[PDB]
Amino acid sequence: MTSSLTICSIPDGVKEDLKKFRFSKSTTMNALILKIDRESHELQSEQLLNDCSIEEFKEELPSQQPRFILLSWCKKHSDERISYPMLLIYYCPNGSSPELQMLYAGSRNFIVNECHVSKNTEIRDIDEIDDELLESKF
């Protein structure tokens, strides 16, 4: 709530699984929640879960901070192939400090470049994140 803002470096360890997520995904929707910390100054994985749905990804753990969850959904497009459009929704709900928001919102562009993320999204709450948006998000 009173700290400075810098971009984070991605350690190979978490970067590997960050890449493995898109290369080795399920036929269900999976999510990798990751963290940009200024104190480590590195972008590290908070946790990865599979076979669950959007409601769990937001509910499993209280963030009290701008955390971003990369959800990969098996979504087929008109070109006859089932694709894996994964998006990282950085949610800044109850507890999130202003500078930290901009901290995560800052390096969230870099992670989109790292894993070649399909898209990303931001919502300021935990409760209003659920299945309803998926069919209007895709």
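Methodologically, a virtual Cβ is constructed for each residue, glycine included, from the backbone with ideal geometry; neighbour enumeration extends over all protein chains shown. Values in this text are rule-based calculations from the coordinates and carry no lab data.
Hull surface divided by four, with the convex hull built on the Cα atoms of the chain: how many nm²? Show your work: numbers first, answer last.
Values: hull surface 31.8 nm².
Mean projected area for the chain: 8.0 nm², to one decimal.
If we count other beta carbons within 10 Å of each Cβ, what is the order of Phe138, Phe57, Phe68, fewest first?
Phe138, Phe57, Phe68
Place +1 on the Cβ of every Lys and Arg and -1 on the Cβ of every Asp and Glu in the chain, take the dipole about the Cα centre, and give the residue among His41, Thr28, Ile126 whose Cα lies farthest towards its positive end.
Positive-most Cα among the choices belongs to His41.
If the only charges are +1 at each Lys and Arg Cβ and -1 at each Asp and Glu Cβ, what is the size of the charge dipole of region 85-138 around the Cα centre, to the nearest 20 debye?
340 debye
May I ask for the net charge around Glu114, where only other residues with Cβ less than 10 Å from the Cβ of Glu114 are counted and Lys, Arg are +1 while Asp, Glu are -1?
Net local charge, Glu114 excluded: +2.
Kindly express, to the nearest 10 degrees and within the range 0 to 90, the angle between helix 12-23's C-alpha long axis and the longest C-alpha principal axis of the chain.
Taking Cα atoms only, the helix is inclined about 20 degrees.
Could you sort out which of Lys20/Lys119; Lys19/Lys119; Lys20/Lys137 sit more than 22 Å apart by Cα distance in this structure?
Distance filter (> 22 Å) returns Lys20/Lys137.
Determine, for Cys92, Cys52, the number of other Cβ atoms within 10 Å of each Cβ, and report the residues in order from fewest to most. Numbers along the way, then the final one.
Working: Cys92 22, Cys52 15.
Going from least to most buried by this count: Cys52, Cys92.
With each pseudo-label sitting 7 Å past Cα toward Cβ, what's the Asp37-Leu134 distance in nm, one decimal?
3.1 nm
Mean 1/r over all different Cα pairs, inverted: what Kirkwood radius does region 54-121 give, in Å?
The Cα-based Kirkwood calculation yields 13.1 Å.
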